[PDB]
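Before any questions on how it binds or moves, here is one chain, the form deposited in one PDB entry, in C-alpha cells.
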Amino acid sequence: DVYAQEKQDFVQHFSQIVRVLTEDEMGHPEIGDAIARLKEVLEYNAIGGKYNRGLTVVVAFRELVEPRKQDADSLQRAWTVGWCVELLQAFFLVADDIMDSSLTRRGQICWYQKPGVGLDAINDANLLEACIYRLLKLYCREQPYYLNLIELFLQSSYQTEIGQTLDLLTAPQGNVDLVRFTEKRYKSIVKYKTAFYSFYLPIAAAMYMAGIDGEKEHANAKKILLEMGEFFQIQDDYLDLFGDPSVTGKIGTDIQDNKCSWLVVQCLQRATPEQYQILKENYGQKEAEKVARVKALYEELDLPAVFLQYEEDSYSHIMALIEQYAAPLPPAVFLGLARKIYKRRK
C-alpha cells in the first residue's frame, strides 16, 4: 500500500526531471541534437520498470523526516534523489544488457539491440550516469547532506562495478569450469553487484536527507539491507529460468552466458557425478537443446521446491534481523520494502 500510494506522484514528476535536464542547457543551442538524444535515452531506459528503488527513497523520506519538515521543496528534492537511483539503475542495465547479450528488458527490445543504436549505447549509458550528479547539483547543492549524497552514489557505483567484474570473471564465455561456482563466490558477487545499490543506496540517501548520518546507524541499516539484496538477487536468478518472461519483461541468458547463478550452485551441491557430467557437457552454450537439458536436470533435482523453501527461511531471517537492528528507525521502513519484494514474480 505505501509504495502504491506514492507511485503516481513519483512518476508524474519525471516530466520535470526531463525538462530540467533539457532546459538548463539551451543557453547552449549548438548541443541541441545531443540534448534530444539524451531525452530519447531517458524515455526508453528510465521508464517502464516498477520503480521500487527510487520509490524506496521517497517512502523512507516520508517515514523518517518530521511532517513539519516535509515542505513542498524538500519533497521535490526527495523525488529527485529517488530518480537519481532510477538513473543509476538505467546506467547499469543498459551496459549489462550488452555484456549479457540480452534480448529484452521491461517488455521491449534492449536499447543496444535497436536498429541504429548498437554500441553507441555505451556512451548513452555514461550520459545517464552523468545526469545523477547534474541533478544532485541542481536540487541539492545548498543542502548540508550534498557531499554525503555525492560520495554515496559514487561509492555505490564503484562497489557495483567491482561486483560486475566478479560476475564477468566467474563467467568466461566458451570456458566451462564448474569448479569456480561455489557458495562463497556466489555470495560475494551478489553482495557487490546488487545489494549495495538496490537496497543500501536508497534507504541511506533518505537517512542522509533526514540528518541521520551516524556511522553506527548506517552500519545497522546495512546489516538488514545487504541480506535483503542477497535474497533479491537469488530471486532474479530463479526468474531467469522459471519466471514467465511476459511478467519479468526479459528473456533469460544465464545458462548460455556461463553464469555463477544460484541455480547452478544448488545444482552442483546435489548432483550425482553422472548428473555433474550432463551439466558439464551442456552448460554455457548457445544451443536450445543443451539449455533444455540443463533446465531438465534442475527440475529433476527439485530446484523449484528448494527455491520456495529458501524464500521462506530467508524471509524469517530478514524479519529476525529487523527485530535486532531496526531501532531507532521505524520498522515500517524495512517492512514496507520487504513486502514489495516478498514473492515477486517480476
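One-based numbering along the sequence shown. Take the two forms, superpose them, and find the largest set of C-alpha atoms that agree within 1.5 Å; that set is the rigid core.
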Quick note on 101 to 109 and 123 to 131: per-entry mean CA temperature factor is higher in 101 to 109
Can you tell me whether 235 to 243 has a higher mean C-alpha B factor than 175 to 183 in this record, or the other way round? 175 to 183
Name the residue from 217, 96, 151, 230 with the greatest C-alpha temperature factor listed in the entry. 217
At the C-alpha atoms, which of 64, 55, 35, 320 reaches the highest B-factor in this entry? 64
So, residue 163's CA B-factor, relative to its chain, sits in which third? The lowest
For the chain shown, is the CA B-factor of residue 211 in the lowest, middle or highest third of its modelled residues? middle
For residue 298, the third of its chain into which the C-alpha B factor falls: highest
Relative to the other modelled residues of the same chain, rank the CA B-factor of residue 116 and answer lowest, middle or highest third. middle
Quick check on the deposited entry: does the C-alpha B-factor of residue 92 sit in the lowest, middle or highest third of its chain? lowest
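There is also a form deposited with a small molecule bound; it is not shown, and the following applies to it.
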Decide whether residue 40 counts as a contact residue for the small molecule in the deposited complex under a heavy atom distance cut-off of 4.5 Å. no
With the cut-off set at 4.5 Å between non-hydrogen atoms, does residue 281 touch the small molecule in the deposited complex? no
So in the deposited complex, is the small molecule close enough to residue 332 to count as touching (4.5 Å, heavy atoms)? yes
The small molecule contact in the deposited complex: residue 153, any heavy atom under 4.5 Å: no
Among 207, 226, 239, 95, which is the residue that shifts its C-alpha 2 Å or more between the shown form and the other one, core superposed? 239
Quick one: core overlaid, is residue 75 moving 2 Å or more at the Cα between the shown form and the other one? no
Any chance the CA of residue 118 moves 2 angstroms or more between the shown form and the other one, core superposed? no
Is the C-alpha displacement of residue 252 equal to or greater than 2 Å between the shown form and the other one once the rigid core has been superposed? yes
